[PDB]
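A quick note on method: Cβ atoms are made from the backbone with ideal geometry, for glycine too, and the neighbour counts reach across all protein chains shown. Each answer follows from the model by the rule given with it, or from the source it names; these are not laboratory values.
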Amino acid sequence: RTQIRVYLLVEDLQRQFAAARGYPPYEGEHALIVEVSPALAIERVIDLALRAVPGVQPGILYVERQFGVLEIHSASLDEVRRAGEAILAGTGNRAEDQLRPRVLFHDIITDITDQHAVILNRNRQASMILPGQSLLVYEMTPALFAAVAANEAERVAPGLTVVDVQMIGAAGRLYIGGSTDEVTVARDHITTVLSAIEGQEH
Amino acid sequence: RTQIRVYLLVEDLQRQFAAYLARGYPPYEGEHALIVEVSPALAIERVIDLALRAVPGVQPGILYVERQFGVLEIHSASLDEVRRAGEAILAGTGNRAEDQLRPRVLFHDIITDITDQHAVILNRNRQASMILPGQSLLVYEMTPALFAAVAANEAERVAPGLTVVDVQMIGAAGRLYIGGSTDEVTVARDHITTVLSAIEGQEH
Amino acid sequence: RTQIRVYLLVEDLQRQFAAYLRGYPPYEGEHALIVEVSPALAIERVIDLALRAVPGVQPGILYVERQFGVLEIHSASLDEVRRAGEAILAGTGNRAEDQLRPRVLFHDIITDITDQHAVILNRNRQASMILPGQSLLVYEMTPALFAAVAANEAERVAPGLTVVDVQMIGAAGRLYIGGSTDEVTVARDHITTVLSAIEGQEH
Amino acid sequence: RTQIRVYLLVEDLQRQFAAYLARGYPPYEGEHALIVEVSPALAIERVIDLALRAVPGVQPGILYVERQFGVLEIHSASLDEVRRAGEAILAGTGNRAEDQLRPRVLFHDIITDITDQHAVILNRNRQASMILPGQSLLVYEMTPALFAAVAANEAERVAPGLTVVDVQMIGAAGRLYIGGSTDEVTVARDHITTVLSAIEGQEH
Amino acid sequence: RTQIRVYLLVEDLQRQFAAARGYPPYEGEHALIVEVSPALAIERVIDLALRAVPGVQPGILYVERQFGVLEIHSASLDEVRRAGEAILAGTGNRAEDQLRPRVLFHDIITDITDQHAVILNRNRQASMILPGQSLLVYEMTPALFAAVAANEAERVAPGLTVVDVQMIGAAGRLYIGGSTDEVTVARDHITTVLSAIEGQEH
Amino acid sequence: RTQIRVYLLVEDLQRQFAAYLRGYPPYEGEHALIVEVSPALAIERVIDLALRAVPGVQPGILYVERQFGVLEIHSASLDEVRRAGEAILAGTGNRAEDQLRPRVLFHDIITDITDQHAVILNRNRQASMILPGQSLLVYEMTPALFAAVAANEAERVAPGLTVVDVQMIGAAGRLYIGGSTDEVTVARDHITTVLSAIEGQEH
């Protein structure tokens, strides 16, 4: 009855990525991210986690057009694992029955024009990209996988700028600004991470 | 040409659900409604004109064109008025009531004794009444989405102490959130399942 | 890799549609290039291709939707817009007729609109408004970005009409036009002709 | 320390105004309400606790901190419950009912036979019921803003066929928009003026 | 009973400025702008104009925290004057009983930094300023006077960029981008226009 | 000409308040300069003064409100922030103590918050949430931008508390803090001390 699309431990949160919403996560804490179908089943999923481990906090809970999304976090890695396990047990699913990440698009725009940069910035928010910087774009599905890609990219290239991360919808989208080599190091690494993630076929 | 996804008379509106209702005139307790969902979405503009010009005494409460589908709610104090407006729509589009889709249940569950953290984040993604920690929560998902309308109204009739937390009747799927004692939410769920099964329509 | 769904030169913008058009605003008499692509995020490469090939053009729309990506660029010079488009075609390995052919989803003319219909209609809108008693033309098509040319062409052949609403983003495009029964009938007929004449692939 | 700007029992809610009502639980027709406006704005957080802990059976419908002032609405099916919660607020802040400001009328007028262009642009800056071309429109402005609440409810009692188009009860001034026949809107305006004059309070 | 704060014919609208809302004005048309107190009296003001001259259209109608605001427009200058006259007659006011414009602030920031430019752009909308351009800011009250200043500024320096115009509130605000001399020509001219406008004292 | 209402070095940002802070986001441990001025539009000159004097700082808040203008800038270097502030002072002909003295408008501690209060309270909010049974400290002051230092200082002396809401823009500032009755009492006392110690003019 409950199909799990994404089930992932994101360990050791980087500080930029830490920024529908509930309690906000902080740098160094750990997260469990779950995407499911049908969307409304996510309400049973969150009760399963919160009643097993009172010490974890909900950061995202949203019922989208098709899918249901959840993020929970804690300072203790042991606590998040245990919440993940209660979800798997209460729904009769396994971790490797999730969908495998499917890459939809990626590219590097070097030396973004100023007119491109200014319009980019106003239906993003949070961080911004400045004219002259290089831009990496990356699209995947299921959408919630954008989360782990963002965190890993920042990990290996800490000088980069997280411009935007869309984790909810039909597809996930990542925007990263920096020097041409920072964004190349990030792109190469993301591809590796996603290919190594185990799951079934769409 | 114009396909009817949902076509339903919702008779005798209960007071929580009436208040819960993109928006036009608000319906009131005891009044009657006609709900219609169609494809392609923009056809609903022909549907509302058909109704409003046949029976000038009905009032539009909802009119909206979504990503895929078109939605209309009309209501009146007179049950005969809503009925006749419904017939103008059917005749003017060459459709019949049983040309609609029969309800398909996607999910349902009863979460007892909701934790306080679940209740607090649940209450800020909803905007009407609120659920309190300790209450039991019923969630019910179906498609087409507009059937969520009749499910909410039937639940309140049969269990008037419940709390209508949210009713999502527009989109690819409808979602119902109901709070109360475990026996109130269990009585509502059983009735809803019966009501949706009794409805006549085509196959997805 | 980048699939082009809509690629169109829309030349000589009429003033109602021009203002209707987010980034820099176009003006009456200027020319625009409209592009809808799949997958959505590919549109960022598409706009980069245009702006550095022909710097004199300005972006008016840039948006990443649920499934698709949308771009509008414009300039006073028809040549600058055309040349920017060519850059987009070469850098994605496409040509203009590799786009999707326009598919008509629904159209209708509501004469003598009732007042209850008009007031609730005007509240899901924005800009111009329709008055009780006017006639309403509604027109739906896909891909959505084709709604742009339908709107601009309608205003060209019947400038007295009222542009109520134009939805160019999504799974489907929607056009709302108000005027006399004759203005909108002339508008509806011309829109169908324009759309049939556009060459593209299948669906 | 805590100054009361508005303190009022609104008895027996009429159905249009009840539905019209930052938001918490929705009130229903026939229920009773207590409305309070205070200064400084943040003091209202002490006021709601005072009420909710004295009489657990009342429900908050409105709680909001504005640019200058703080606002609360609580309601119940029991008139005695709203009354007693009101008294807890007065006792716990060292205030009395007549410490409030007496209503000051800023403007009123009756626009007959509204033009269609006025009606169409008027309807998109309002979000509830709508006014139709040809109807007469009453506008009424007062301060403090929260008195708009009692003015709307009194008008509907005395002229039930009217249309409540908008009620702005939060801010520096309250505004009331009412539609109907010229005699319905004239009957409402006369009554409102009497009601506001009869209210006891201090001087601006 | 009805106090008129601003009463002004803005003749021959420039194309940039032509962009709460009703029907949109077009380049070359003419407008009447009215601000009043108490705010709600603006509903009597608009009925007076629309019933006298059916051929004019409402573009702005809004009841703000303190004041009421109206804009109407037409292709015929004769029509707008006539609507203005119906308002004056129906409320027993005179055109020169409005408030005189009071200048609150103005300044020219030359060569705006790129970090300043990018953040400026996201809680504006419509047009944008690019890094390196010069910026003129101008504040006045009553707020509705920002309207005539914007239109006049564009008239004498058509190459300029109208970044934003706030006409509703306690004070009006104008943002203009261009070369340092375009913005200086605009600023000098605005000052002249406002000083020449006749009204009473606050 | 430019009147300074608030001018403050807020050094060593705590992590709840840091995230709470629109433009570039500050991080825990960095330093910020906060400025509230009158008239509102003067703030555009104020920020220009800072960013080109010390380019290494980043703007986090820039807003023109009904009456007043607000600016926040930040950097990892306390010296860069201080030096940017000095540029703001020289270019406007002010000094730090020409600002307004903080005026306390209301404060209170609600113990054992009822559940109906908590759920409706959480719906006019944003970020962190208060749970039924916790104690609530509310604190109101003017000018509003002083709410920033009150929030950051409270978190410094009682890091276990929950920052529910901080309103720094307007006619008045408002602080919402949740925790145990002891955390918030310690927080309330320290806030009053900090505010009394700030030197400025009258009101």
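Structure data summary
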item	result
Qualifying residue in the range B:37-44 (condition: of a type outside the set (S, T, N, Q), farther than 23 Å from B:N95 by Cβ and out of contact with any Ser or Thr (no Cβ under 7 Å at 6 or more places or on another chain))	no
Count of the range A:27-85 residues which are more than 8 Å from chain B (Cβ to nearest Cβ), out of contact with any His (no Cβ under 8 Å at 6 or more places or on another chain) and of a type in the set (S, T, N, Q)	1
Subset tally (residues that are more than 9 Å from chain E (Cβ to nearest Cβ), assigned to a strand (DSSP E or B) and under 21 Å from D:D183 (Cα atoms)) for the range D:130-149	2
Subset of the range A:126-137 that is in contact with a strand residue (DSSP E or B) (Cβ under 8 Å, 6 or more places away or on another chain) and facing another protein chain (nearest Cβ under 8 Å) - its residue that is farthest from A:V103 (Cα to Cα)	A:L130
Number of the exception - B:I110 against (1) surrounded by fewer than 18 Cβ atoms within 10 Å (Cβ to Cβ); (2) farther than 30 Å from A:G90 by Cβ	(2)
Odd one out for C:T193, checked against (1) of a type in the set (S, T, Y); (2) outside any strand (DSSP E or B); (3) in contact with a strand residue (DSSP E or B) (Cβ under 8 Å, 6 or more places away or on another chain)	(3)
Some residue of the range F:129-136 being part of a strand (DSSP E or B), under 24 Å from D:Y64 (Cα atoms) and within 12 Å of chain D (Cβ to nearest Cβ)	yes
Matching residues in the range E:60-93 - criterion: being under 30 Å from D:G174 (Cβ atoms) and surrounded by fewer than 21 Cβ atoms within 10 Å (Cβ to Cβ)	E:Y62, E:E64, E:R65, E:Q66, E:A86, E:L88, E:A89, E:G90, E:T91, E:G92, E:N93
Residue match in the range D:20-41 (condition: surrounded by fewer than 22 Cβ atoms within 10 Å (Cβ to Cβ), closer than 30 Å to B:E31 by Cα and of a type in the set (G, A, S))	yes
Selection count where residues are assigned to a strand (DSSP E or B) and over 17 Å from A:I112 (Cα atoms), scope the range A:147-202	5
Condition met for D:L132 (more than 18 Å from the chain's Cα centre (by Cα), of a type in the set (A, V, I, L, M) and under 22 Å from E:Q3 (Cβ atoms))	no
Residues located in the range C:108-123, provided they are under 20 Å from C:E183 (Cα atoms) and either among the basic types (K, R) or surrounded by fewer than 19 Cβ atoms within 10 Å (Cβ to Cβ) (or both)	C:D108, C:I109, C:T111, C:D112, C:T114
Those residues of the range A:19-36 which are hydroxyl-bearing (S, T, Y) and touching a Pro at 6+ places or on another chain (Cβ under 9 Å), in sequence order	A:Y23
Every residue from the range A:94-129 that is buried (at least 16 other Cβ atoms within 10 Å of the Cβ) and farther than 30 Å from E:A117 by Cα	A:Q98, A:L99, A:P101, A:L104, A:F105
Strands (runs of 3 or more DSSP E) (entirely within the range E:28-126) containing at least 3 residues that are more than 25 Å from D:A119 (Cβ to Cβ)	E:102-109
From the options D:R96, D:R23, residue that is touching a helix residue (DSSP H, G or I) at 6+ places or on another chain (Cβ under 8 Å), not aromatic (F, W, Y) and not assigned by CATH to the domain that holds D:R175	D:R96
Members of the range E:28-71 found to be among the charged types (D, E, K, R) and within 15 Å of the chain's Cα centre (by Cα), listed by number	E:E29, E:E35, E:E71
Test: residue in the range D:143-156 that is surrounded by fewer than 16 Cβ atoms within 10 Å (Cβ to Cβ) and not β-branched (V, I, T)	no
Condition broken by D:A85, with the remaining ones in (1) surrounded by fewer than 19 Cβ atoms within 10 Å (Cβ to Cβ); (2) touching a strand residue (DSSP E or B) at 6+ places or on another chain (Cβ under 9 Å) satisfied	(1)
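Matching residues to (1) assigned by CATH to the domain that holds F:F68; (2) within 24 Å of F:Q67 (Cα to Cα):
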| site | (1), (2) |
| --- | --- |
| F:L89 | yes, yes |
| F:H107 | no, no |
| F:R123 | no, no |
| F:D165 | no, yes |
| F:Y176 | no, yes |
